[PDB]
Protein chains: 2
Amino acid sequence: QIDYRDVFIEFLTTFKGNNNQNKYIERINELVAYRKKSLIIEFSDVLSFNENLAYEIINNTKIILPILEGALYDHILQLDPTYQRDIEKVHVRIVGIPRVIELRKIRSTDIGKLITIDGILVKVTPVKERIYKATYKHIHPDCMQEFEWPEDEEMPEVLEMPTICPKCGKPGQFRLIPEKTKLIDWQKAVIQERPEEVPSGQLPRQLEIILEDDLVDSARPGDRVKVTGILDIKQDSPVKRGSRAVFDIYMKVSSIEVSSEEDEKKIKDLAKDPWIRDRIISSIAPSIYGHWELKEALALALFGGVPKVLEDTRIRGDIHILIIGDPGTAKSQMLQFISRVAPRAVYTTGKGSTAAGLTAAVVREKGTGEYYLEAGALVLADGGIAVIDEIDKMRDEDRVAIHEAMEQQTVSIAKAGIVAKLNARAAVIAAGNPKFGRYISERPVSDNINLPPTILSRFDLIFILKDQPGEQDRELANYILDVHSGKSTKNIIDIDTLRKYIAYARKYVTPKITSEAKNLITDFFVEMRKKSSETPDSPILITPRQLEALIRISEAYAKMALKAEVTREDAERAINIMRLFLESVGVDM
Amino acid sequence: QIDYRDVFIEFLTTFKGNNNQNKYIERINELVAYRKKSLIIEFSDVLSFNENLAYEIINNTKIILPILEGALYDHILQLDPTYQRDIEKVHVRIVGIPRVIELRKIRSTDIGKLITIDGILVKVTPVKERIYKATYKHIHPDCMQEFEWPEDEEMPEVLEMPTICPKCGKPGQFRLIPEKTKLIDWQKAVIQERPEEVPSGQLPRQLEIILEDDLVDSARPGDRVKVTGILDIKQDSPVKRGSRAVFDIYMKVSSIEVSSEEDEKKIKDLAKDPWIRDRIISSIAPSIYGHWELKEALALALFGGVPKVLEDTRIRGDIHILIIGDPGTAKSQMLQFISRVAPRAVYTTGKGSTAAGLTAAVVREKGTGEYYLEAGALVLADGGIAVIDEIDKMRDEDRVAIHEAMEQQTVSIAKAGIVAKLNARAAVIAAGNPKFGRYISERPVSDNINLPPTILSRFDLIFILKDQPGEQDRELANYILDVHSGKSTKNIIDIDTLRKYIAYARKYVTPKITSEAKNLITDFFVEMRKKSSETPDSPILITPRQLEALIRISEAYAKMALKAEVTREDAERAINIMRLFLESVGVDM
DNA sequence: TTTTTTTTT
Ligand SMILES: [Mg+2]
Ligand SMILES: [Mg+2]
Ligand SMILES: [Zn+2]
Ligand SMILES: [Zn+2]
């Protein structure tokens, strides 16, 4: 009685956006340029434009969605006749559905309607192909006829062959022809509920989702997604009777989003502040009093340096931080905060991790008994940050397994006839206690740290934390009580804004070293070697790795302000911060 | 529709190459003489000759390849009728398809089209036979009739059996006749995407390819290959239902490449320069400052000596290098460069390797329940170079498993009722750290190395690296910053040219030892042994292996300049580099 | 059972 085809077309071409620019017109034009085949529509925009259509989509999705897709194809076809013979149909995906249901609250009444689920991806299968319109040939000396079996109907998820030949009305043997068969991409993924939603005592539950067409390979394991689709029951062998009338639940995903223009201007406005570096540093772990030098160092690791890829070798651009401190110095507190503000981070512990789990594991699947590779903690953290708490408690024979990944950023496995190399370009932040629990001033620094010199040289910065009860006890006590009383600090950038700022900086900023910065870095490195050679007693070594640490830190400081060149000011800060690092380990420069 | 037989024949007989030598005419003559039954055609040559013909091959590949093959067969048969009765049919393989698609980005729209994928070979199955035209026999008291079941059609991939006997129009059961059955060679291989195209935080994907006819055994595992063919879906168990309407994809290989006259000309003129040895040495790891003695030693291992095979025993011709140094001395960077410039190299680490994974692994095939052998890292590196980083970090029980492979170049396995002996003719390059991380000058050499004398004697050269800060820090710092600034050293042979030069030398050069070099080597070996007895406390021993090392090094120097004999000059260089090895380890000369 | 990599008494 009522047709929404004109309404949908009117909404797409007449919708004044936030800036009154008809954003959906631009989105359509962007789709035509690269043949995206998929259009994303905000549910709120549909509700704002015409409410009546909004309930039709959310309640009658299985019928109205194909109608809208056909209307969209005609409009695009008129705009660009050449859109044919490369894309045969388009997809309309809806996001922002208010029907959000927890993974553990799914019941029978929720099956058959469009719902949204928030969770964590844990497993992705390789992309495969699914038949939705097959072609068969009747193997009978009379027929030799070709036909499509699922006539006037999309082929069901359960394969079925015809029993009577449509063109001859006879049974027999039918042969499938892959050449005339129509296929669609098919991928299976497993989603898991967030730890914040898991109830006390029980383990988290999992749900199976299916991605098809261009939705395949839209996310990687470990990501946080918001999948929207229709729930349905899953069957494997319906022909195989013998009870077992109980079925699982799987979701047919229609739209997926992971974790905008308005963010860019907000980010750009922040970088215009001359004191942006101080604001960022003061925004790291606002609940922790003091430790300004530690907060500044942790900010550098979040941004990192510029990796160099050459025709013969490649240079690591990540920054590694090591912290040694007495118990109660809150070392585990900023580590938790770092794992929260970083766009991608993995949190591990020295005791709860092994060498195989840190880098890669070779396991035998019982399905075939064939060995295959399993990604480790450092591999899954590629492009992000790996946090290793209580590193001193880790077994030494297991700790040496990360020496290659800390510098060469690769993992090499030669086990059971498997030879492979995996990228592990991740920043490593580690914390631990001294040899005797607390730091002892009488003993030398060498036996207090209790770490081999090989792993110490791989850390760009090393800070030693000492809990000395002094005058600042009253200041610290008042700060802690204020936190427990609900009092908070203002003019601190929020985590969500800070996380967006870091991600933008790591993607569009690549500082370059200037001549002025080169001279300052070169002079200071020479001063290190002369001082180190004078006293061959410190447990740390001034290797050429330290020179490259200066370069990486200088780039991080420039990247913190979204600068394109490493000026003298950034070089001075890089020199200054390492002076504190050398002072902590007892080297007086 | 215009016939392409005349154009194809005209193209073959009239195409002019770089020298207008009618290259494809020569290929046909080579094909006739050797009965190669296969022709390789470069796509760009076809496009230059006739663009319309090139387009037809790309798109109408299914129906035009047999047409061109038939025309070529008649031309060859006319050229030499003796070619018939020896070769039933020929194959036309097209190389140089502009359509290249990554392994991970294969979609449904690419099925049924000629595409090219470049990857790494992993697994190769033994050659088997496939039926493409069966011959059954309807046994029944009245029939006694035999027939070719697939009439006017090639036998499908699925083994199908006739239901009604064509000769009598009656049902029953049929018996296959192997004698009259036509067969074709069949092989299954697995290809993997290159590590440089795998997305961050994800494991590499795999694709299944099928090789038939002369394409079998065209490559070995670990090779980089470029395959062109048609993608198709894979059917495994279609007899039983149970849904599973999702299918994997495999590739029907049409042409395969691995990894010329012009290149040989370029190599020949390079050796004409009297300072070719210095140019090659200076081109090893251009991003590393200093370490000239290590650069020279690494170049020698790339070329190696001349293996000797006698009627009663064989002598290895590979050079083994061991490097011990303080952390940060760029030991790993040189090893990474070696693994990239060598024609065939395998990179492993001490911690990520096992005894089974390095030599050979015995694995039980779950399909049949019987044990079988899997090639280790050393076996896969036969005829190449094996790199073992962090040699001191592996357990001594596992490190001792390579004693036989490092000297006898064989691997002996007596496990699970399997007795075998596999060739492991590979050069071993190892690096490691001293016992206490950094070298201690006050302590002797015996406790610093912390390696058994047995494995030490198997290394041709051993170099000890010490990181002593001094007057060279400023020049070292300037060199590193220039690398980070994008500046590159000129007058350096590129990796691609250097790799070609090494491969040619290892294949066509076999130097001989003259009388002048014989006397020099004998005198030095006697003098070296005499000084060894003076100080028997050194962990290194002057075994007769060191005499063989001098011969191998002398041959490598001659092979570096493409010489035919080991002159007096090459003997001096071998002695000079040996003196540095002895001096570095603590033995004066 | 027997060979292998892995976490676990
Ligand atoms: Mg803690
Ligand atoms: Mg190293
Ligand atoms: Zn029929
Ligand atoms: Zn019959």
Side-chain angles (χ1 to χ4, degrees), chain A residues 122-123 203 346-380 388-391 393-405 410-422 424, chain B residues 122-123 203-204 221 346-380 388-391 393-405 410-422 424:
Chain A
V122 296
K123 272 197 63 38
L203 298 164
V346 174
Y347 186 93
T348 73
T349 57
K351 176 57 61 216
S353 70
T354 56
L358 275 177
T359 61
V362 183
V363 295
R364 227 200 279 96
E365 54 215 306
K366 209 160 199 177
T368 49
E370 163 76 355
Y371 288 99
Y372 73 103
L373 266 186
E374 208 71 273
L378 287 168
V379 171
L380 298 162
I388 305 182
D389 211 340
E390 294 218 303
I391 186 155
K393 303 293 156 35
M394 173 175 350
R395 258 167 35 86
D396 192 287
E397 300 88 70
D398 282 83
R399 198 176 42 235
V400 292
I402 71 164
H403 283 189
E404 184 206 354
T410 41
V411 173
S412 300
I413 305 293
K415 282 164 185 171
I418 292 174
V419 183
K421 211 196 278 195
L422 300 170
Chain B
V122 181
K123 290 175 62 40
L203 301 138
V346 178
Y347 189 88
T348 72
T349 56
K351 261 300 298 183
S353 318
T354 50
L358 281 176
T359 63
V362 180
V363 291
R364 205 178 319 114
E365 169 50 47
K366 250 196 83 171
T368 71
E370 68 212 54
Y371 294 99
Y372 73 97
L373 268 182
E374 281 272 10
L378 287 167
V379 173
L380 293 166
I388 309 189
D389 213 341
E390 312 266 52
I391 188 96
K393 304 303 195 55
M394 44 195 315
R395 272 171 18 215
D396 189 32
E397 317 102 42
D398 279 35
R399 191 179 51 238
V400 82
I402 69 165
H403 285 14
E404 188 208 356
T410 39
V411 171
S412 310
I413 303 293
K415 281 176 196 163
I418 289 176
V419 176
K421 205 194 211 160
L422 304 165

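Scope of the values below: all heavy atoms of this structure, side chains included, with no hydrogens, waters or symmetry mates. Labels below follow one simple rule: chain letters A, B, ... track the order of the sequence lines, proteins then strands, and each chain is numbered from 1.
Annotation: side chain to side chain contact (heavy atoms under 4.5 Å, CB included) contacts of A:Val400 (sequence neighbours excluded): A:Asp396, A:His403, B:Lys351, B:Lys393. B:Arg395 pairs by the salt bridge (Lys or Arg N to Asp or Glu O under 4.0 Å) definition with B:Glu397, B:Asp398, not counting sequence neighbours. Not counting sequence neighbours, B:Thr348 has no partner by the side chain to side chain donor-acceptor pair (under 3.5 Å) test. B:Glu365 meets the side chain to side chain contact (heavy atoms under 4.5 Å, CB included) test with B:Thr368, B:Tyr372; sequence neighbours excluded.
Of all nucleotides in DNA chain C having an atom under 4.0 Å from a heavy atom of chain A, the first and last in 5' to 3' order are C:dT4 to C:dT7.
With its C1'-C2'-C3'-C4' torsion above zero, C:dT4 shows a north sugar pucker.
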Name each donor-acceptor pair under 3.5 Å that joins a side chain in residues 353-361 of chain A to protein atoms two or more places apart or in another chain, with its distance.
unit_1   : atom_1 : unit_2   : atom_2 : d
A:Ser353 : OG     : A:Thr349 : O      : 2.8
A:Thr354 : OG1    : A:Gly357 : N      : 3.4
A:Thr359 : OG1    : A:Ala355 : O      : 3.2

